[PDB]
Amino acid sequence: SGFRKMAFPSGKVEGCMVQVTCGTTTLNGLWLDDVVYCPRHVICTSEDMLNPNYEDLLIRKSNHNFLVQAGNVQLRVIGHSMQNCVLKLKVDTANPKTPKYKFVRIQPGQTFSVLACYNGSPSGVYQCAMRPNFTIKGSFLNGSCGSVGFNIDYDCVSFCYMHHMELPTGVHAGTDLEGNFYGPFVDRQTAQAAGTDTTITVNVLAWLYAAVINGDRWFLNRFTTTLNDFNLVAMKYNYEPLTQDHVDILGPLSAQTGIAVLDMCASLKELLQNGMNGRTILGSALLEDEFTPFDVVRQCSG
Amino acid sequence: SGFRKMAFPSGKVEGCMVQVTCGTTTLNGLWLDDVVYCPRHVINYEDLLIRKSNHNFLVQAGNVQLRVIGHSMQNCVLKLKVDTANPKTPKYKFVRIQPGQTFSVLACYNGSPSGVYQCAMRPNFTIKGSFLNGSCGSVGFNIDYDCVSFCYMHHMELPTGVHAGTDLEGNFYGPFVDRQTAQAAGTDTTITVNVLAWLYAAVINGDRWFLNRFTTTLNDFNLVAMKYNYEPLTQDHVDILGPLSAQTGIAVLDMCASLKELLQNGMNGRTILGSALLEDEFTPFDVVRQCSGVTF
Ligand SMILES: O=C(Nc1cncc2cnccc12)[C@@H]1CCNc2cc(Cl)c(Cl)cc21
Ligand SMILES: [Cl-]
């Protein structure tokens, strides 16, 4: 019993954190085998930030310009290439602590752990979700660039995010490990604003199922709804449209608890209309949306 | 910017998780040097342990089987002496924490770490954890510079879903015993110092709606706090909140008056750090370490 926002054990990722320095800029890198991955904006200066030509800036760099630091040991850069918004620094030493890994691009609503780093040194780990607006509500300070997002399913580390920047609203933008940004964001100082955020409906429904598994049934009701009537109500509360795909994903939880997906939808509709009324669901006074249907099954069953 | 429930990097502790099996029971152990620590319920514990031999305990570190060469019991923890010293043993200490103090929990099933979360020792000596069968032996810890401070070992779940465990010396937290009997967690209280610390972290992140021009006496605040089932705020707590009071420019008894109003009046459809409730599982140190970027 119990429900907590849980992150994956960060051990496998800690062994990959290195410090990457170029000129005045110092950020983190992900050392996997003989390649160190880091945001391409490490090559950037003060004036080469609003409109940087990264191809032109990287052509002026040599391998000895990049000081890569793994613990106390200084790694020697032997090559450098750029893939979209990440810099791939080829090094002369392969990381012995390299785990089994994959580079995966996640979709909005997906959750992942974040190992926050400062100067190639891990300071904390937290669980967070890719928001529907493609930003992450992280906890980052200056120097956190190159911190990574991951899911350690079974024994493989699935890298899904590298932190690149903070938007003016305190939310964060970053890329998959191939340098492709999540959202309409670019690595330029230009005015960029996060789109209007929405609540991840499928995750809220999964979290209601985890509450039912933990014996919290106060919010359940005798009503059901059509998928279209639910979405017409959900859109008014700034909730993500629940697709038929989401309904199918919630299938196992619906079977385990004995409450149909559309029945749990009507429960949510009533929760949106009435609120909590001094009550909590899983110790929370708000409808939590950073637990996917897969997270709920993992933490409640195995 | 941003505030999250953050746990310490679990890497140093992951290297210490082993699977301990004895008869039908299978749980986790903490392998530090040549000793594996695990709950004694894996086996009248003095009488039950005298009937055991070293080969009864199957200790498993990854795929490698460790051979037990001795066994002793220290309070509610079994100390299984093994032939091999853990090469992944970090610099560590066994520390007993006080209620209100927070720590990370590396949840494990069959000596295999599955998740890490941050939680606090409740004033009632229970932890609101996330545990299933097989996690007995999962440890609680804090990182101090490069040293792992082990402060908890999970033993059981109470009928309310809350957990009961011991320090790494086998001394239970709270009035709990490791036996099949009626045990209930005491009435819980909110950790006042941690709520105040969390209000300071909200101020650091630009959330100031709850602030007011008012201050209070420590005696008047504690009168109100006692009425709302909050832990008494000592002068020690006021001193601990000192750096945050200086950083934000809001006196500790000024922030107390904001909490006083938030308790009698509520939030009124508003949130503080994305939360509609007053969060109490961030200590004043956690707020400082997170809002200052301390690394390990
Ligand atoms: O955002 C950035 N860094 C940070 C990361 N995460 C959180 C923070 C919090 N407060 C300060 C800084 C932070 C950096 C530097 C500042 N400006 C900037 C601009 C661009 Cl176009 C890009 Cl790609 C990166 C940055
Ligand atoms: Cl995904």
# chains A, B, ... in the order shown; residues from 1 in each chain; ligands from 1
$ residues_around --residues "residue B:164" --least-positions-apart "3" --cutoff "12 Å" --atoms "only C-alpha atoms" --output "ChimeraX atom specification"
/B:39,121-122,124-131,136-140,152-161,167,170-179,183-186
$ interface_residues --of "chain A" --to "chain B" --cutoff "6 Å" --atoms "only C-alpha atoms" --output "list in words"
residues 1, 2, 3, 4, 6, 7, 8, 9, 10, 11, 121, 122, 123, 124, 125, 126, 138, 139, 140, 170 and 285 of chain A
$ write_last_selection --atoms "N, CA, C and O atoms" --output "short mmCIF file (atom, residue, chain, number, x, y, z; two decimals), in the first residue's frame"
data_model
loop_
_atom_site.label_atom_id
_atom_site.label_comp_id
_atom_site.auth_asym_id
_atom_site.auth_seq_id
_atom_site.Cartn_x
_atom_site.Cartn_y
_atom_site.Cartn_z
N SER A 1 0.81 -1.22 0.00
CA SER A 1 0.00 0.00 0.00
C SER A 1 0.85 1.28 0.00
O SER A 1 2.02 1.26 0.38
N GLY A 2 0.23 2.37 -0.43
CA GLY A 2 0.90 3.65 -0.50
C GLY A 2 1.09 4.08 -1.92
O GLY A 2 1.21 3.24 -2.83
N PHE A 3 1.07 5.39 -2.14
CA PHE A 3 1.29 5.93 -3.47
C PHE A 3 2.18 7.13 -3.33
O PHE A 3 1.91 8.02 -2.53
N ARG A 4 3.29 7.12 -4.05
CA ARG A 4 4.26 8.18 -3.99
C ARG A 4 4.74 8.52 -5.37
O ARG A 4 4.78 7.64 -6.24
N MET A 6 7.47 8.52 -7.46
CA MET A 6 8.69 7.76 -7.35
C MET A 6 9.52 7.92 -8.60
O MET A 6 8.98 7.92 -9.70
N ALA A 7 10.81 8.06 -8.45
CA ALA A 7 11.73 8.14 -9.57
C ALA A 7 12.49 6.82 -9.68
O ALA A 7 12.56 6.07 -8.72
N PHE A 8 13.03 6.51 -10.86
CA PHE A 8 13.83 5.30 -11.05
C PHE A 8 15.15 5.45 -10.31
O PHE A 8 15.65 6.57 -10.16
N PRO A 9 15.76 4.34 -9.85
CA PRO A 9 17.07 4.46 -9.19
C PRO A 9 18.08 5.09 -10.16
O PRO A 9 18.18 4.67 -11.30
N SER A 10 18.72 6.18 -9.74
CA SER A 10 19.60 6.97 -10.59
C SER A 10 21.02 6.47 -10.80
O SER A 10 21.78 7.10 -11.53
N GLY A 11 21.38 5.39 -10.15
CA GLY A 11 22.71 4.80 -10.19
C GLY A 11 23.34 4.61 -11.55
O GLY A 11 24.49 5.02 -11.76
N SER A 121 28.17 16.74 -11.56
CA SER A 121 27.97 16.12 -10.27
C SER A 121 26.48 16.02 -9.88
O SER A 121 25.81 17.02 -9.66
N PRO A 122 25.95 14.78 -9.81
CA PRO A 122 24.53 14.59 -9.46
C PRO A 122 24.16 15.07 -8.07
O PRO A 122 24.79 14.68 -7.08
N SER A 123 23.15 15.92 -7.98
CA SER A 123 22.72 16.49 -6.71
C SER A 123 21.36 15.97 -6.24
O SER A 123 21.09 15.92 -5.03
N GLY A 124 20.51 15.60 -7.18
CA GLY A 124 19.19 15.10 -6.84
C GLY A 124 18.47 14.43 -7.98
O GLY A 124 18.81 14.62 -9.15
N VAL A 125 17.47 13.64 -7.64
CA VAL A 125 16.68 12.94 -8.63
C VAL A 125 15.20 13.17 -8.35
O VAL A 125 14.78 13.15 -7.19
N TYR A 126 14.42 13.46 -9.38
CA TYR A 126 12.98 13.66 -9.21
C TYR A 126 12.20 13.10 -10.38
O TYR A 126 12.74 12.87 -11.45
N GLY A 138 10.28 21.34 -14.08
CA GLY A 138 11.44 20.80 -13.38
C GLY A 138 11.89 21.67 -12.24
O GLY A 138 11.20 22.61 -11.84
N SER A 139 13.04 21.32 -11.69
CA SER A 139 13.64 22.07 -10.61
C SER A 139 15.07 22.21 -11.05
O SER A 139 15.88 21.28 -10.89
N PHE A 140 15.35 23.33 -11.69
CA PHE A 140 16.66 23.55 -12.26
C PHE A 140 17.20 24.93 -11.93
O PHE A 140 16.47 25.91 -11.87
N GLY A 170 9.41 29.88 -15.70
CA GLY A 170 10.03 28.93 -14.79
C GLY A 170 9.95 27.49 -15.26
O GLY A 170 10.41 26.59 -14.54
N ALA A 285 -4.87 17.15 -2.42
CA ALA A 285 -6.08 17.96 -2.59
C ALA A 285 -6.31 18.38 -4.05
O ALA A 285 -7.35 18.97 -4.35
#
$ atom_distance --atom1 "atom CA of residue B:20" --atom2 "atom CA of residue B:51"
17.4 Å
$ select_by_dssp --residues "stretch 3-152 of chain B" --states "strand (DSSP E)" --output "VMD selection string"
chain B and resid 17 to 22 25 to 32 35 to 39 57 to 61 64 to 66 68 to 74 77 to 82 92 to 94 102 to 108 113 to 120 139 to 144 147 to 152
$ residues_near_ligand --ligand "ligand 2" --cutoff "8 Å" --atoms "only C-alpha atoms and all ligand atoms" --output "ChimeraX atom specification"
/A:105-110
$ residues_near_ligand --ligand "ligand 1" --cutoff "8 Å" --atoms "only C-alpha atoms and all ligand atoms" --output "VMD selection string"
(chain A and resid 39 41 49 to 50 139 to 145 163 to 167 170 172 186 to 190) or (chain B and resid 1)
$ write_last_selection --atoms "N, CA and C atoms" --output "PDB file, in the first residue's frame"
ATOM      1  N   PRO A  39      24.277  19.714 -24.534  1.00  0.00           N
ATOM      2  CA  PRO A  39      23.612  20.717 -25.389  1.00  0.00           C
ATOM      3  C   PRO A  39      24.633  21.453 -26.255  1.00  0.00           C
ATOM      4  N   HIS A  41      24.564  24.423 -27.181  1.00  0.00           N
ATOM      5  CA  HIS A  41      24.806  25.794 -26.727  1.00  0.00           C
ATOM      6  C   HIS A  41      25.976  25.923 -25.738  1.00  0.00           C
ATOM      7  N   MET A  49      24.179  34.357 -28.947  1.00  0.00           N
ATOM      8  CA  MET A  49      23.123  33.653 -28.244  1.00  0.00           C
ATOM      9  C   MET A  49      21.735  33.969 -28.774  1.00  0.00           C
ATOM     10  N   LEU A  50      21.463  35.228 -29.138  1.00  0.00           N
ATOM     11  CA  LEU A  50      20.142  35.588 -29.666  1.00  0.00           C
ATOM     12  C   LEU A  50      19.910  34.978 -31.045  1.00  0.00           C
ATOM     13  N   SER A 139      13.039  21.325 -11.694  1.00  0.00           N
ATOM     14  CA  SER A 139      13.639  22.065 -10.612  1.00  0.00           C
ATOM     15  C   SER A 139      15.067  22.206 -11.047  1.00  0.00           C
ATOM     16  N   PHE A 140      15.350  23.328 -11.693  1.00  0.00           N
ATOM     17  CA  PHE A 140      16.657  23.546 -12.259  1.00  0.00           C
ATOM     18  C   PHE A 140      17.204  24.930 -11.933  1.00  0.00           C
ATOM     19  N   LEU A 141      18.511  24.992 -11.738  1.00  0.00           N
ATOM     20  CA  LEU A 141      19.261  26.221 -11.513  1.00  0.00           C
ATOM     21  C   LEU A 141      20.266  26.385 -12.666  1.00  0.00           C
ATOM     22  N   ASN A 142      21.032  27.494 -12.668  1.00  0.00           N
ATOM     23  CA  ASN A 142      22.042  27.697 -13.699  1.00  0.00           C
ATOM     24  C   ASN A 142      23.119  26.606 -13.566  1.00  0.00           C
ATOM     25  N   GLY A 143      23.526  26.047 -14.692  1.00  0.00           N
ATOM     26  CA  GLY A 143      24.480  24.951 -14.699  1.00  0.00           C
ATOM     27  C   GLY A 143      23.850  23.574 -14.788  1.00  0.00           C
ATOM     28  N   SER A 144      22.527  23.502 -14.734  1.00  0.00           N
ATOM     29  CA  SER A 144      21.809  22.238 -14.843  1.00  0.00           C
ATOM     30  C   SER A 144      21.705  21.728 -16.277  1.00  0.00           C
ATOM     31  N   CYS A 145      22.191  22.501 -17.273  1.00  0.00           N
ATOM     32  CA  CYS A 145      22.125  22.159 -18.682  1.00  0.00           C
ATOM     33  C   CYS A 145      22.878  20.885 -18.941  1.00  0.00           C
ATOM     34  N   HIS A 163      18.154  18.400 -20.551  1.00  0.00           N
ATOM     35  CA  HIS A 163      17.727  19.760 -20.251  1.00  0.00           C
ATOM     36  C   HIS A 163      18.605  20.767 -21.003  1.00  0.00           C
ATOM     37  N   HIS A 164      17.969  21.776 -21.643  1.00  0.00           N
ATOM     38  CA  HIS A 164      18.637  22.799 -22.424  1.00  0.00           C
ATOM     39  C   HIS A 164      18.377  24.213 -21.884  1.00  0.00           C
ATOM     40  N   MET A 165      17.146  24.535 -21.449  1.00  0.00           N
ATOM     41  CA  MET A 165      16.842  25.905 -21.010  1.00  0.00           C
ATOM     42  C   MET A 165      15.575  26.085 -20.183  1.00  0.00           C
ATOM     43  N   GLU A 166      15.483  27.239 -19.515  1.00  0.00           N
ATOM     44  CA  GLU A 166      14.317  27.616 -18.757  1.00  0.00           C
ATOM     45  C   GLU A 166      13.618  28.755 -19.452  1.00  0.00           C
ATOM     46  N   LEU A 167      12.320  28.595 -19.657  1.00  0.00           N
ATOM     47  CA  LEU A 167      11.458  29.586 -20.258  1.00  0.00           C
ATOM     48  C   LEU A 167      11.132  30.679 -19.217  1.00  0.00           C
ATOM     49  N   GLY A 170       9.406  29.876 -15.701  1.00  0.00           N
ATOM     50  CA  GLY A 170      10.027  28.932 -14.791  1.00  0.00           C
ATOM     51  C   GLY A 170       9.954  27.487 -15.260  1.00  0.00           C
ATOM     52  N   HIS A 172      10.654  24.318 -18.157  1.00  0.00           N
ATOM     53  CA  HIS A 172      11.856  23.979 -18.897  1.00  0.00           C
ATOM     54  C   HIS A 172      11.637  23.306 -20.216  1.00  0.00           C
ATOM     55  N   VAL A 186      13.479  26.599 -29.574  1.00  0.00           N
ATOM     56  CA  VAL A 186      14.770  26.664 -30.234  1.00  0.00           C
ATOM     57  C   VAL A 186      15.805  27.131 -29.225  1.00  0.00           C
ATOM     58  N   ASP A 187      17.073  26.760 -29.435  1.00  0.00           N
ATOM     59  CA  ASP A 187      18.140  27.159 -28.523  1.00  0.00           C
ATOM     60  C   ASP A 187      18.735  28.525 -28.879  1.00  0.00           C
ATOM     61  N   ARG A 188      17.884  29.547 -28.818  1.00  0.00           N
ATOM     62  CA  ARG A 188      18.177  30.962 -29.060  1.00  0.00           C
ATOM     63  C   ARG A 188      17.545  31.779 -27.929  1.00  0.00           C
ATOM     64  N   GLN A 189      18.166  32.895 -27.552  1.00  0.00           N
ATOM     65  CA  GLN A 189      17.651  33.769 -26.508  1.00  0.00           C
ATOM     66  C   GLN A 189      16.325  34.499 -26.893  1.00  0.00           C
ATOM     67  N   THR A 190      15.865  34.392 -28.171  1.00  0.00           N
ATOM     68  CA  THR A 190      14.613  35.001 -28.666  1.00  0.00           C
ATOM     69  C   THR A 190      13.431  34.826 -27.721  1.00  0.00           C
TER      70      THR A 190
ATOM     71  N   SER B   1      14.559  27.852 -11.290  1.00  0.00           N
ATOM     72  CA  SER B   1      13.179  27.794 -10.793  1.00  0.00           C
ATOM     73  C   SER B   1      12.616  26.376 -10.784  1.00  0.00           C
TER      74      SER B   1
END
$ closest_residue --among "A:114, A:57, A:302, A:226" --to "residue A:154" --atoms "only C-alpha atoms"
A:302
$ select_by_dssp --residues "stretch 59-216 of chain B" --states "helix (DSSP H, G or I)" --output "ChimeraX atom specification"
/B:192-204
$ atom_distance --atom1 "atom CA of residue B:102" --atom2 "atom CA of residue A:278"
26.3 Å
$ atom_distance --atom1 "atom CA of residue B:228" --atom2 "atom CA of residue B:201"
22.2 Å
$ residues_around --residues "stretch 231-238 of chain A" --least-positions-apart "6" --cutoff "9 Å" --atoms "only C-alpha atoms" --output "VMD selection string"
chain A and resid 196 to 199 201 268 to 269 272
$ write_last_selection --atoms "N, CA and C atoms" --output "tab-separated table (two decimals), in the first residue's frame"
chain	number	residue	atom	x	y	z
A	196	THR	N	-0.35	27.29	-23.76
A	196	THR	CA	-1.27	27.11	-22.62
A	196	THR	C	-1.24	25.66	-22.15
A	197	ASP	N	-0.93	25.45	-20.87
A	197	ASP	CA	-0.86	24.09	-20.38
A	197	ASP	C	-2.26	23.50	-20.14
A	198	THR	N	-2.32	22.18	-20.26
A	198	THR	CA	-3.52	21.39	-20.06
A	198	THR	C	-3.21	20.21	-19.15
A	199	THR	N	-4.23	19.67	-18.49
A	199	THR	CA	-4.07	18.55	-17.58
A	199	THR	C	-4.09	17.25	-18.38
A	201	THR	N	-5.38	14.08	-18.89
A	201	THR	CA	-6.59	13.35	-18.54
A	201	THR	C	-6.36	11.88	-18.28
A	268	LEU	N	-14.52	11.57	-12.64
A	268	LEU	CA	-13.70	12.73	-12.90
A	268	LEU	C	-14.53	13.93	-13.23
A	269	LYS	N	-15.56	13.80	-14.06
A	269	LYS	CA	-16.47	14.88	-14.38
A	269	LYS	C	-17.08	15.51	-13.13
A	272	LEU	N	-14.48	17.40	-11.22
A	272	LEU	CA	-14.23	18.70	-11.84
A	272	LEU	C	-15.32	19.71	-11.49
$ residues_around --residues "residue B:225" --least-positions-apart "2" --cutoff "10 Å" --atoms "only C-alpha atoms" --output "VMD selection string"
chain B and resid 189 to 190 192 219 to 223 227 to 233 256 259 to 260 263
$ closest_residue --among "B:241, B:21, B:202, B:66" --to "residue B:41" --atoms "only C-alpha atoms"
B:21
$ decode --residues "stretch 89-159 of chain A" --atoms "C-alpha atoms" --output "compact mmCIF listing (two decimals), in the first residue's frame"
# COMPACT_ATOMS: atom_id res chain seq x y z
CA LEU A 89 32.08 14.86 -28.23
CA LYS A 90 34.07 11.79 -29.22
CA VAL A 91 36.50 10.91 -26.40
CA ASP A 92 39.61 8.67 -26.13
CA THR A 93 38.17 6.64 -23.22
CA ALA A 94 35.01 4.51 -23.27
CA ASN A 95 32.99 4.79 -20.04
CA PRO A 96 33.39 1.55 -18.07
CA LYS A 97 30.24 2.46 -16.11
CA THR A 98 28.21 2.59 -19.41
CA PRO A 99 24.91 0.81 -18.88
CA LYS A 100 22.60 -0.93 -21.37
CA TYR A 101 20.82 2.04 -22.94
CA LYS A 102 18.46 3.32 -25.70
CA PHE A 103 17.64 6.82 -26.93
CA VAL A 104 13.82 7.13 -26.90
CA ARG A 105 11.63 10.15 -27.84
CA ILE A 106 8.65 10.34 -25.47
CA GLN A 107 5.18 11.80 -26.20
CA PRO A 108 3.38 14.41 -23.99
CA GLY A 109 1.90 12.86 -20.87
CA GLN A 110 4.85 10.45 -20.50
CA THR A 111 6.73 10.51 -17.25
CA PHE A 112 10.45 10.13 -16.59
CA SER A 113 13.06 10.66 -13.89
CA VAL A 114 15.43 13.58 -13.93
CA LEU A 115 18.92 13.42 -12.46
CA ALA A 116 19.67 17.10 -11.71
CA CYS A 117 23.49 17.84 -12.10
CA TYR A 118 25.76 20.77 -11.39
CA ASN A 119 29.30 20.61 -12.80
CA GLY A 120 28.98 16.96 -13.85
CA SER A 121 27.97 16.12 -10.27
CA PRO A 122 24.53 14.59 -9.46
CA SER A 123 22.72 16.49 -6.71
CA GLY A 124 19.19 15.10 -6.84
CA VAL A 125 16.68 12.94 -8.63
CA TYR A 126 12.98 13.66 -9.21
CA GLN A 127 10.05 12.33 -11.20
CA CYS A 128 8.28 14.56 -13.67
CA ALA A 129 6.10 14.43 -16.84
CA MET A 130 6.38 15.86 -20.33
CA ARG A 131 3.59 18.46 -20.26
CA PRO A 132 1.08 18.61 -23.13
CA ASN A 133 2.67 22.04 -24.06
CA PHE A 134 6.08 20.19 -24.36
CA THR A 135 7.66 21.80 -21.34
CA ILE A 136 8.70 20.08 -18.09
CA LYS A 137 7.97 21.56 -14.66
CA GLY A 138 11.44 20.80 -13.38
CA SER A 139 13.64 22.07 -10.61
CA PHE A 140 16.66 23.55 -12.26
CA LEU A 141 19.26 26.22 -11.51
CA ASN A 142 22.04 27.70 -13.70
CA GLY A 143 24.48 24.95 -14.70
CA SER A 144 21.81 22.24 -14.84
CA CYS A 145 22.13 22.16 -18.68
CA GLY A 146 22.85 18.66 -19.90
CA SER A 147 20.97 17.03 -16.93
CA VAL A 148 19.08 14.03 -18.30
CA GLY A 149 15.61 12.49 -18.19
CA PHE A 150 15.28 8.71 -18.20
CA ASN A 151 13.21 5.59 -17.54
CA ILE A 152 15.03 2.49 -16.25
CA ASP A 153 12.74 -0.21 -17.41
CA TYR A 154 13.93 -3.75 -16.55
CA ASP A 155 17.77 -3.24 -16.88
CA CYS A 156 18.04 -0.82 -19.82
CA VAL A 157 18.21 2.97 -19.37
CA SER A 158 15.95 4.79 -21.81
CA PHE A 159 17.24 8.31 -22.25
